[PDB]
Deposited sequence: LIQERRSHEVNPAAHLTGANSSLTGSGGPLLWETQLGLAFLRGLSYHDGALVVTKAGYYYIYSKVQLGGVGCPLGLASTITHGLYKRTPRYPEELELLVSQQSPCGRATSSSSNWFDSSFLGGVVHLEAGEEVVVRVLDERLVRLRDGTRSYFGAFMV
């Protein structure tokens, strides 16, 4: 059984806490197969190389100049008390109302017990609609 997961945007996705986004893990298109989840982090149970990915749908009305949106995938390990940046985009997409989408994919090595989370600063620009526009997944390669 090769591990895989795809987590979707949900009603509680945007905590506003400065923490990572939360996701649906069971309903509609969301699923975990050989991965676990905890407070928005995917939790690795099988060591190996994973392609991780995330898309977030952004949008707003005008810019506040703070007009750069970062979207990123970050690793947590219990051996070091800080997160490690893995894959990150900066967009300034507001160049009235606007929509843009940010995608991230790549392969990283992950040990059992390590976790990956998704952060967007500023969180308020993420637009949830139906679970198909913002999401977070991975599978082992």
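Inset, instruction - Give the ranges of the deposited sequence, numbered from 1, for which the structure holds no C-alpha coordinates, in sequence order. - result: No coordinates exist for the deposited residues in 1-9, 75-76, 107-112, so these stretches are absent from the model.
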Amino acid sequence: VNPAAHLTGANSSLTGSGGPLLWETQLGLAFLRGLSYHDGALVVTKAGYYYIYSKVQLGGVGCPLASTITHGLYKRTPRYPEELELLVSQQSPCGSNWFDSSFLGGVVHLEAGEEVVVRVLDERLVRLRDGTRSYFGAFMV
From here on, numbers count along this sequence of modelled residues.
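Legend entry - Per the entry, higher mean C-alpha B factor between 113-121 and 9-17: So the stretch with the higher mean C-alpha B-factor is 9-17.
Inset, instruction - Quick one: say whether 86-94 or 40-48 has the higher mean Cα B-factor in the deposited entry. - result: Mean CA B-factor is higher for 86-94.
Legend entry - Maximum C-alpha temperature factor, selected from 73, 30, 107, 63: If I rank 73, 30, 107, 63 by C-alpha B-factor, first place goes to 63.
Inset, instruction - Tell me which of 54, 67, 77, 57 tops the list for C-alpha B factor in the record. - result: In the PDB entry, the greatest C-alpha B-factor among 54, 67, 77, 57 is found at 67.
Legend entry - residue 140, C-alpha B-factor rank within chain (lowest, middle or highest third): Middle third by C-alpha B-factor.
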